[PDB]
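Asks: Quick one, model-v3.txt (compact mmCIF, C-alpha atoms):
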# COMPACT_ATOMS: atom_id res chain seq x y z
CA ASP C 81 -44.52 10.58 -57.47
CA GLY C 82 -45.93 7.17 -58.27
CA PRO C 83 -45.88 4.34 -55.73
CA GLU C 84 -43.10 2.53 -57.60
CA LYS C 85 -40.61 5.39 -57.35
CA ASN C 86 -41.33 5.92 -53.65
CA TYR C 87 -41.24 2.17 -53.01
CA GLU C 88 -37.85 1.64 -54.65
CA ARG C 89 -36.55 4.92 -53.25
CA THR C 90 -37.42 3.55 -49.81
CA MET C 91 -35.42 0.40 -50.51
CA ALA C 92 -32.39 2.48 -51.48
CA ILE C 93 -32.72 4.47 -48.24
CA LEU C 94 -33.11 1.29 -46.20
CA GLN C 95 -30.04 -0.32 -47.74
CA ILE C 96 -27.81 2.63 -46.89
CA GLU C 97 -29.16 2.88 -43.35
CA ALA C 98 -28.88 -0.87 -42.77
CA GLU C 99 -25.28 -0.82 -44.00
CA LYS C 100 -24.35 2.08 -41.73
CA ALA C 101 -25.99 0.43 -38.73
CA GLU C 102 -24.02 -2.79 -39.22
CA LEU C 103 -20.80 -0.81 -39.55
CA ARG C 104 -21.59 1.10 -36.36
CA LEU C 105 -22.02 -2.15 -34.45
CA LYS C 106 -18.83 -3.54 -35.99
CA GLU C 107 -16.78 -0.47 -35.06
CA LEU C 108 -17.78 -0.75 -31.40
CA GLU C 109 -16.83 -4.42 -31.33
CA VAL C 110 -13.49 -3.68 -33.00
CA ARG C 111 -12.75 -0.88 -30.52
CA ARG C 112 -13.53 -3.18 -27.59
CA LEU C 113 -11.07 -5.81 -28.81
CA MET C 114 -8.28 -3.38 -29.67
CA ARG C 115 -8.48 -1.65 -26.29
CA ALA C 116 -8.56 -4.98 -24.45
CA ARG C 117 -5.69 -6.62 -26.34
CA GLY C 118 -3.59 -3.77 -27.74
CA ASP C 119 -2.88 -5.69 -30.94
CA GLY C 120 -4.36 -3.15 -33.36
CA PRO C 121 -3.54 0.28 -34.77
CA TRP C 122 -5.83 1.93 -32.21
CA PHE C 123 -5.06 2.43 -28.52
CA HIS C 124 -1.39 2.07 -29.47
CA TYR C 125 0.29 3.91 -26.62
CA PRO C 126 3.91 4.66 -27.55
CA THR C 127 6.86 2.90 -25.97
CA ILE C 128 10.47 4.05 -25.94
CA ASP C 129 12.08 4.03 -29.38
CA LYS C 130 14.92 1.51 -29.48
CA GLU C 131 16.94 3.47 -32.04
CA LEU C 132 17.87 5.74 -29.11
CA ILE C 133 20.06 2.96 -27.71
CA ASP C 134 23.84 3.24 -28.10
CA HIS C 135 25.44 -0.08 -29.05
CA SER C 136 29.05 1.07 -29.07
CA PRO C 137 31.63 -0.64 -26.85
CA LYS C 138 31.39 1.16 -23.53
CA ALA C 139 34.09 2.41 -21.18
CA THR C 140 33.76 -0.87 -19.25
CA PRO C 141 32.96 -4.36 -20.57
CA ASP C 142 30.01 -5.59 -18.48
CA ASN C 143 26.97 -3.81 -19.90
CA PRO P 1 15.36 -18.03 -10.37
CA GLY P 2 18.47 -20.12 -10.90
CA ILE P 3 21.62 -20.54 -8.87
CA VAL P 4 24.40 -18.14 -9.83
CA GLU P 5 27.33 -20.21 -11.06
CA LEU P 6 30.67 -19.27 -9.52
CA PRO P 7 34.13 -20.76 -10.09
CA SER P 8 35.91 -22.53 -7.26
CA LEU P 9 38.60 -20.76 -5.25
CA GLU P 10 41.18 -23.12 -6.73
CA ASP P 11 40.05 -22.22 -10.26
CA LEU P 12 40.75 -18.56 -9.43
CA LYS P 13 44.31 -19.11 -8.22
CA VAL P 14 47.14 -17.49 -10.17
CA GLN P 15 50.59 -16.13 -9.42
CA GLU P 16 50.00 -12.41 -8.93
CA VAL P 17 52.21 -9.53 -10.06
CA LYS P 18 53.11 -8.18 -6.62
CA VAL P 19 54.79 -4.94 -7.70
CA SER P 20 53.71 -1.41 -6.88
CA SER P 21 51.95 1.01 -9.20
CA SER P 22 55.12 3.06 -9.70
CA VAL P 23 56.84 -0.10 -10.94
CA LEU P 24 53.92 -0.75 -13.28
CA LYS P 25 53.87 2.87 -14.44
CA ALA P 26 57.60 2.82 -15.18
CA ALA P 27 57.35 -0.40 -17.22
CA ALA P 28 53.96 0.42 -18.75
CA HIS P 29 55.11 1.57 -22.19
CA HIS P 30 57.41 -1.39 -22.84
CA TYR P 31 54.92 -3.73 -21.17
CA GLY P 32 52.21 -2.49 -23.53
CA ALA P 33 54.37 -3.20 -26.57
CA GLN P 34 55.71 -6.60 -25.47
CA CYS P 35 52.55 -8.18 -24.02
CA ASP P 36 50.04 -6.78 -26.51
CA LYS P 37 48.83 -10.12 -27.89
CA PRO P 38 47.61 -11.91 -24.73
CA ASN P 39 46.35 -8.61 -23.33
CA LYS P 40 44.26 -7.86 -26.42
CA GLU P 41 42.82 -11.38 -26.50
CA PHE P 42 41.75 -10.92 -22.88
CA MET P 43 40.14 -7.56 -23.59
CA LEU P 44 38.34 -8.85 -26.68
CA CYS P 45 36.99 -11.67 -24.51
CA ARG P 46 35.79 -9.33 -21.77
CA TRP P 47 33.92 -7.00 -24.11
CA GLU P 48 32.40 -9.79 -26.20
CA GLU P 49 31.45 -12.09 -23.31
CA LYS P 50 30.45 -9.34 -20.85
CA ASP P 51 31.05 -11.92 -18.13
CA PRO P 52 34.27 -12.27 -16.09
CA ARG P 53 33.57 -15.98 -15.56
CA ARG P 54 33.96 -16.59 -19.31
CA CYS P 55 37.47 -15.10 -19.57
CA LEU P 56 39.36 -16.60 -16.62
CA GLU P 57 41.68 -18.67 -18.82
How does this structure look as structure tokens?

Replies:
Amino acid sequence: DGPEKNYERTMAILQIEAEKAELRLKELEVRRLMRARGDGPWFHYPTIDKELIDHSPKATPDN
Amino acid sequence: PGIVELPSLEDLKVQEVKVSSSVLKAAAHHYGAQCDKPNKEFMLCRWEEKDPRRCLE
């Protein structure tokens, strides 16, 4: 292969690897925030479903 | 927390129905028919308000 093909093949390799590296650093930062704040789709630990509640008038009034 | 609001003893004073349960049981069917309106207003208040202080009148 000539130097030009290897040179520009290297640039294509570097671009992919640089893009993956930035995404890897971004994922770690995103995970740290989500786990700290709980405001994301990850680390979403379930709470009790409120459709289970019965809203009918009960046997007694105060409830 | 806040101070629980309570009505005064005078505000709670009413002439009671001082008859026994057998008297109430005997009259219950006619009493249910004749006094339905004020009774049902009271029960609607108690279930909507969920607070006895809000239904004393």

Asks: Enumerate as a short mmCIF file (atom, residue, chain, number, x, y, z; two decimals) with C-alpha atoms, keeping the file's coordinate frame the residues belonging to chain P that approach chain C to within 10 Å, with only C-alpha atoms taken into account.

Replies:
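Saved result, iface.cif, follows:
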data_model
loop_
_atom_site.label_atom_id
_atom_site.label_comp_id
_atom_site.auth_asym_id
_atom_site.auth_seq_id
_atom_site.Cartn_x
_atom_site.Cartn_y
_atom_site.Cartn_z
CA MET P 43 40.14 -7.56 -23.59
CA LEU P 44 38.34 -8.85 -26.68
CA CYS P 45 36.99 -11.67 -24.51
CA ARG P 46 35.79 -9.33 -21.77
CA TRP P 47 33.92 -7.00 -24.11
CA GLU P 48 32.40 -9.79 -26.20
CA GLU P 49 31.45 -12.09 -23.31
CA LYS P 50 30.45 -9.34 -20.85
CA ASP P 51 31.05 -11.92 -18.13
CA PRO P 52 34.27 -12.27 -16.09
#

Asks: Would you work out the distance separating atom CA of residue C:106 from atom CA of residue C:118, expressed in Å to one decimal?

Replies: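 Between these atoms lies a distance of 17.3 Å.
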
Asks: I'd like the interatomic distance between atom CA of residue P:6 and atom CA of residue P:41, to a tenth of an Å.

Replies: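 One can read the atom CA of residue P:6 to atom CA of residue P:41 distance as 22.3 Å.
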
Asks: Generate N, CA and C atoms for stretch 39-53 of chain P and emit them as a PDB file, in the coordinates of the input.

Replies:
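Ended up saving to result_19.pdb:
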ATOM      1  N   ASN P  39      47.193  -9.639 -23.926  1.00  0.00           N
ATOM      2  CA  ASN P  39      46.350  -8.610 -23.330  1.00  0.00           C
ATOM      3  C   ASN P  39      45.150  -8.304 -24.208  1.00  0.00           C
ATOM      4  N   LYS P  40      45.360  -8.199 -25.519  1.00  0.00           N
ATOM      5  CA  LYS P  40      44.260  -7.860 -26.420  1.00  0.00           C
ATOM      6  C   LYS P  40      43.279  -9.011 -26.566  1.00  0.00           C
ATOM      7  N   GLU P  41      43.752 -10.257 -26.520  1.00  0.00           N
ATOM      8  CA  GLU P  41      42.820 -11.380 -26.500  1.00  0.00           C
ATOM      9  C   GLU P  41      41.944 -11.321 -25.261  1.00  0.00           C
ATOM     10  N   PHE P  42      42.537 -11.015 -24.107  1.00  0.00           N
ATOM     11  CA  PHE P  42      41.750 -10.920 -22.880  1.00  0.00           C
ATOM     12  C   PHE P  42      40.708  -9.819 -22.989  1.00  0.00           C
ATOM     13  N   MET P  43      41.081  -8.663 -23.532  1.00  0.00           N
ATOM     14  CA  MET P  43      40.140  -7.560 -23.590  1.00  0.00           C
ATOM     15  C   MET P  43      39.050  -7.800 -24.626  1.00  0.00           C
ATOM     16  N   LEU P  44      39.380  -8.450 -25.741  1.00  0.00           N
ATOM     17  CA  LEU P  44      38.340  -8.850 -26.680  1.00  0.00           C
ATOM     18  C   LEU P  44      37.361  -9.816 -26.024  1.00  0.00           C
ATOM     19  N   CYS P  45      37.867 -10.751 -25.219  1.00  0.00           N
ATOM     20  CA  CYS P  45      36.990 -11.670 -24.510  1.00  0.00           C
ATOM     21  C   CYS P  45      36.066 -10.937 -23.550  1.00  0.00           C
ATOM     22  N   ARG P  46      36.601  -9.987 -22.784  1.00  0.00           N
ATOM     23  CA  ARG P  46      35.790  -9.330 -21.770  1.00  0.00           C
ATOM     24  C   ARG P  46      34.672  -8.508 -22.391  1.00  0.00           C
ATOM     25  N   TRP P  47      34.953  -7.821 -23.492  1.00  0.00           N
ATOM     26  CA  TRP P  47      33.920  -7.000 -24.110  1.00  0.00           C
ATOM     27  C   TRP P  47      32.913  -7.827 -24.890  1.00  0.00           C
ATOM     28  N   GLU P  48      33.338  -8.937 -25.492  1.00  0.00           N
ATOM     29  CA  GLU P  48      32.400  -9.790 -26.200  1.00  0.00           C
ATOM     30  C   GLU P  48      31.549 -10.611 -25.236  1.00  0.00           C
ATOM     31  N   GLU P  49      32.179 -11.217 -24.229  1.00  0.00           N
ATOM     32  CA  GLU P  49      31.450 -12.090 -23.310  1.00  0.00           C
ATOM     33  C   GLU P  49      30.619 -11.291 -22.317  1.00  0.00           C
ATOM     34  N   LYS P  50      31.125 -10.145 -21.865  1.00  0.00           N
ATOM     35  CA  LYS P  50      30.450  -9.340 -20.850  1.00  0.00           C
ATOM     36  C   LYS P  50      30.245 -10.131 -19.566  1.00  0.00           C
ATOM     37  N   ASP P  51      31.148 -11.058 -19.291  1.00  0.00           N
ATOM     38  CA  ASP P  51      31.050 -11.920 -18.130  1.00  0.00           C
ATOM     39  C   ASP P  51      32.455 -12.313 -17.689  1.00  0.00           C
ATOM     40  N   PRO P  52      32.906 -11.910 -16.499  1.00  0.00           N
ATOM     41  CA  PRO P  52      34.270 -12.270 -16.090  1.00  0.00           C
ATOM     42  C   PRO P  52      34.485 -13.767 -15.952  1.00  0.00           C
ATOM     43  N   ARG P  53      33.432 -14.540 -15.687  1.00  0.00           N
ATOM     44  CA  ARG P  53      33.570 -15.980 -15.560  1.00  0.00           C
ATOM     45  C   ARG P  53      33.971 -16.649 -16.870  1.00  0.00           C
TER      46      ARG P  53
END
